[PDB]
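*Asks:* got the complex split up, this is the first portion:
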Amino acid sequence: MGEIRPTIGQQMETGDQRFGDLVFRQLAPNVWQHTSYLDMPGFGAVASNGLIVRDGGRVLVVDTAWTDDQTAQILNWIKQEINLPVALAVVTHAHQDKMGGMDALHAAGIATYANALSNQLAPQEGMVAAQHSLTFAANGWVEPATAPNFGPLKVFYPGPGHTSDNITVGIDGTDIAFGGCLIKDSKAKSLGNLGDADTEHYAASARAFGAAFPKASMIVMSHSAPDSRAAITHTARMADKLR
């Protein structure tokens, strides 16, 4: 009873934990997926997924929820279920699904990180910029000095795709990588919103993500349930059709 059934996004499944207006799903002993819903009048809810990672003695969050209130709820769930400090949050680009609740993280005193470009785009996108800017080498790997204390979070800029600023994250010592809005599931009919997409480079960016995290057998993404690596292949092949 009382199930959120989104118009866009995966439906609730056995194992999912309802907490307020959000859903949490444990993916590994120290990794959970957060799911928040934006209700659009006349259309219904759009689900958006991120990650919560317990690494040693702290929690690391990948992506905010759509709103400040939802993101405050994520922090309350973390406090309740895990009860370790949230050391940092990383956001995967400057769109509402990934960065809409930044004020809730800052209110909580949590150090926030995004691609420098995401921070530069934030004002234009109506997002609040993160505190800190990540920069990247020519091979796409984050410059370690800009990602202090990230631990198992390996951050990779795969090239422009869904947006110019999109980044991805692998979780060292797990079989999980996070593709955000760049990677769609292996059964997806479309690449979602292409309004900011780099149609020429998307395919290579998708394949670069797969090459960056060869250990990841569980691919987590923003608007589908976790999938196999066929998500990457299928995303790239869809993207091949754009060029």
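*Replies:* Received the coordinates, thanks. Numbering: from 1, shown residues only, chains lettered A, B, ... in the order given.
*Asks:* for residue A:3, what are its contacts?
*Replies:* Each residue near residue A:3 by CB atoms under 8 Å, 6 or more residues apart in numbering is listed here: residue A:12. (C-beta placed from N, C-alpha, C; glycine too.)
*Asks:* can you give me the helices in chain A?
*Replies:* A:68-81, A:96-99, A:102-107, A:116-125, A:202-212, A:230-240 (DSSP state H).
*Asks:* Check the ones you listed for me and report the most buried one.
*Replies:* For the helices of chain A, the largest average neighbour count (mean count of other CB atoms under 10 Å) is found in helix A:96-99, namely a mean of 24.
*Asks:* hmm, who's touching that one?
*Replies:* Everything outside helix A:96-99 that qualifies as a contact, by CB under 8 Å, 6+ apart, is A:38, A:46, A:48, A:50, A:63-64, A:66, A:91-93, A:114, A:118, A:122, A:125-128, A:130, A:180-181, A:222.
*Asks:* Residue A:39 reaches residue A:45, doesn't it?
*Replies:* Yes. Residue A:39 is within contact range of residue A:45, at 5.1 Å (criterion: CB atoms under 8 Å).
*Asks:* ok, back up a step: do you know which of the helices of chain A lies nearest residue A:158?
*Replies:* Ranking these by proximity to residue A:158 (CB to CB) places helix A:202-212 first, at 4.2 Å.
*Asks:* quick one: contacts of the closest one?
*Replies:* For helix A:202-212, the external contacting residues (CB under 8 Å, 6+ apart) are A:140-141, A:154, A:156, A:158-162, A:166, A:168, A:170, A:177, A:179, A:182-183, A:191, A:198, A:229, A:232-233, A:235-237, A:239-240, A:242-243.
*Asks:* one more chain, chain B:
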Amino acid sequence: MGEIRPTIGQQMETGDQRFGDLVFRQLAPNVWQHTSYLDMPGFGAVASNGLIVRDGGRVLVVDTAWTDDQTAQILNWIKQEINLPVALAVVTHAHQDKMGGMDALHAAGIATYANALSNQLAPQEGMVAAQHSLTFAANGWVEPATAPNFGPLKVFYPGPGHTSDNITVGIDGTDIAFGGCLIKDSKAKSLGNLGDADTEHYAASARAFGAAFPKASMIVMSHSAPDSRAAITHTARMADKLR
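*Replies:* Putting chain B onto the chains we already have gives this:
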């Protein structure tokens, strides 16, 4: 060059005809799918599909476009490219994607038909009601006296599903059946907007549609490309998980 790439909906394929803001795809010698697009700010375009059917010296339309202007463009295209008059339109329920262009039909002097219930709901939905009401037998088939001169349009009310009023249409003399917004594609991760849905009866209504048109191999639907019968059965499996 200059393709519409919707966020929700089929992509452009070889053979598609771009005409202003619309796309037409021939599905059979005497059947075309019309596609119109609604821009959702921040989300991108949402495709909606209906049908154009040639029956001898006249054309029959299933569903309006999202808007009056788009719907006027469909009528221009029928007039200019098919060169036959529209005898009537049948609209498949009282939402914008299916009925948002009613006034353009009426201004063109075209007789319109909808489920009586659709006409009753239309003003509550800000839609213009069709000029004529269809009624249905206890087994779902349209009452012939309410659908005069429908030629090959075989109208079936499958039961409440996507909405209480949703209707479906088979094309006699073809292997095509139209499920409107009731049926989702064979690989859909969701049933779309369930806000007005009858979650108890959806699965049986989807199966009723399949059973009404048991030989139809091409299943046309509102927001994806024409699919196999697995669209019907997958839709019913997804609906089974609502109950």
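*Asks:* what do you get for the contacts of helix A:96-99 once chain B is counted?
*Replies:* A:38, A:46, A:48, A:50, A:63-64, A:66, A:91-93, A:114, A:118, A:122, A:125-128, A:130, A:180-181, A:222, B:42 (CB atoms under 8 Å, 6 or more residues apart in numbering or on different chains).
*Asks:* for stretch A:143-159, same thing?
*Replies:* Residues contacting stretch A:143-159 (CB under 8 Å, 6+ apart): A:53, A:55-56, A:60, A:62, A:87-88, A:90, A:113, A:115, A:132-137, A:140-142, A:166-174, A:182, A:198, A:201, A:204-206, A:208-209, A:212-213.
*Asks:* Off-centre distance for that stretch?
*Replies:* Mean-position distance between stretch A:143-159 and its chain equals 14 Å (CA atoms, centre = their mean, to the nearest Å).
*Asks:* Convert the C-alpha atoms of that stretch to PDB, please.
*Replies:* Only the C-alpha atoms of stretch A:143-159 are listed here, as PDB (Å, rounded to 0.1, in the frame of the first residue of the first chain):
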ATOM      1  CA  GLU A 143      43.200  15.300 -10.500                       C
ATOM      2  CA  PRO A 144      43.700  13.700  -7.100                       C
ATOM      3  CA  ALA A 145      44.500  17.100  -5.400                       C
ATOM      4  CA  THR A 146      41.000  18.400  -6.200                       C
ATOM      5  CA  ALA A 147      39.300  15.300  -4.700                       C
ATOM      6  CA  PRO A 148      40.700  15.100  -1.100                       C
ATOM      7  CA  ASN A 149      39.500  12.200   1.000                       C
ATOM      8  CA  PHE A 150      37.300  10.600  -1.700                       C
ATOM      9  CA  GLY A 151      38.600   7.100  -0.700                       C
ATOM     10  CA  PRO A 152      36.900   4.400  -2.900                       C
ATOM     11  CA  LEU A 153      35.100   7.000  -5.100                       C
ATOM     12  CA  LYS A 154      37.000   7.000  -8.300                       C
ATOM     13  CA  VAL A 155      35.800  10.100 -10.400                       C
ATOM     14  CA  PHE A 156      36.000  10.000 -14.300                       C
ATOM     15  CA  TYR A 157      35.100  12.700 -16.800                       C
ATOM     16  CA  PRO A 158      34.200  10.500 -19.800                       C
ATOM     17  CA  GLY A 159      33.900  13.400 -22.400                       C
END
